[PDB]
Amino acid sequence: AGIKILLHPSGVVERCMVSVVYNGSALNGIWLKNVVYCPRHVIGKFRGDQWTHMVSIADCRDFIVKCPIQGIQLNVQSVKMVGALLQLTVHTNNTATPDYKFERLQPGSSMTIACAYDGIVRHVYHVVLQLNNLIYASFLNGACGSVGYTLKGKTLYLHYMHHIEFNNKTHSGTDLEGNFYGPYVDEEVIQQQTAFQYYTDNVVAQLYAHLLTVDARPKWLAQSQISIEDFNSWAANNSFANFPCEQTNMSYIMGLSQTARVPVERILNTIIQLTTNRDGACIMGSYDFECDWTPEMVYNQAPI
């Protein structure tokens, strides 16, 4: 009946979160099995290819690692740099380690962010990896090491770890394998970002979500339709990704079109019209086009 932004429970992540303090810097890390993962820039703000030598001479005793939930202080026996992350081997194996997987996220997919400070998850919110490989999140200093995750039956799927904030208040990081999303690095210098592009699949889901919870026949809904092929020709010149961005999203979108009794061609023409006729209309509780509603999460909460 009601379609909301669903988040995954953060208890599993909370039990694995730890604080990492190397001399001056203090950030967060995740502790899985006998390994603690955390951003590498905790040992200094370096650049390019000096990380190998800087990490290789980093003292294990300078790493103060504490698990606040379990009240356990950890001791680092080895240090390994995997990508832009540090893999700190510890003596104690985390008994709270769940069945986990390191899954890289494709753009347009959602994930829950466990924003943590001093090893304690303070806030939890929902983001979607945008087509520029950035997330639009909310972080302060000391929040690096916070993880983005999803769940699938007691199995924790870690997708992200926070590293850097850009001046436009966009955020970037790595997967849990150490590789950044996009062409961004953990350096405090000007880095060019590709122009913004709307994940059309998600924008379609947001409009469908409004039709199923707020107004089935709103005044901004197009009385006209446009083919997918004609929409994609318009989308190339209006910062909208080619539809569909994921072929698997078509089954969810077709299901939404049958439930709302509005074909996707009407939604796509509404998107085009809203580019010039929106005039501040609130759509699914937002004043602009959002990529935060995925077709799967909207279809999973819909009738029939």
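Under this definition, the rigid core comprises the largest set of C-alpha atoms superposing within 1.5 Å between the forms. Each residue number is its position in the shown sequence, starting from 1.
Greater average departure of CA atoms from the shown form, over structures and residues in 5 other deposited structures of this protein after a core fit, characterises 270 to 278 among 270 to 278 and 61 to 69. Comparing 216 to 224 with 195 to 203 by root mean square Cα distance to the shown form in 5 other deposited structures of this protein, with the rigid core used for the fit, gives 216 to 224 as the more displaced stretch.
Of the other entries compared for this protein that flank it with modelled residues, all give atoms for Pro295, so not even a third lack it. For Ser286, the record comparison shows coordinates absent in at least a third of the other entries of this protein that model its neighbours. Note on 31 to 39 vs 45 to 53: mean CA B-factor is higher in 45 to 53. The stretch 162 to 170 shows the higher mean C-alpha B-factor when 140 to 148 is compared against 162 to 170 in the entry. Sorting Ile64, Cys245, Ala235, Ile267 by the CA temperature factor given in the entry leaves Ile64 at the top.
Per the PDB record, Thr155 has a higher Cα B-factor than any other of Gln87, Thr112, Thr155, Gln106.
The PDB entry assigns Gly24 a C-alpha temperature factor belonging to the highest third of its chain's modelled residues. In the PDB entry, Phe102 places in the lowest third of its chain by CA B-factor. Among the modelled residues of its chain, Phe196 has a C-alpha B-factor that falls in the highest third, as given in the PDB entry. Sort the modelled residues of the chain by CA B factor and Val298 lands in the middle third. Sort the chain's modelled residues by C-alpha temperature factor and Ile226 lands in the middle third, per the entry.
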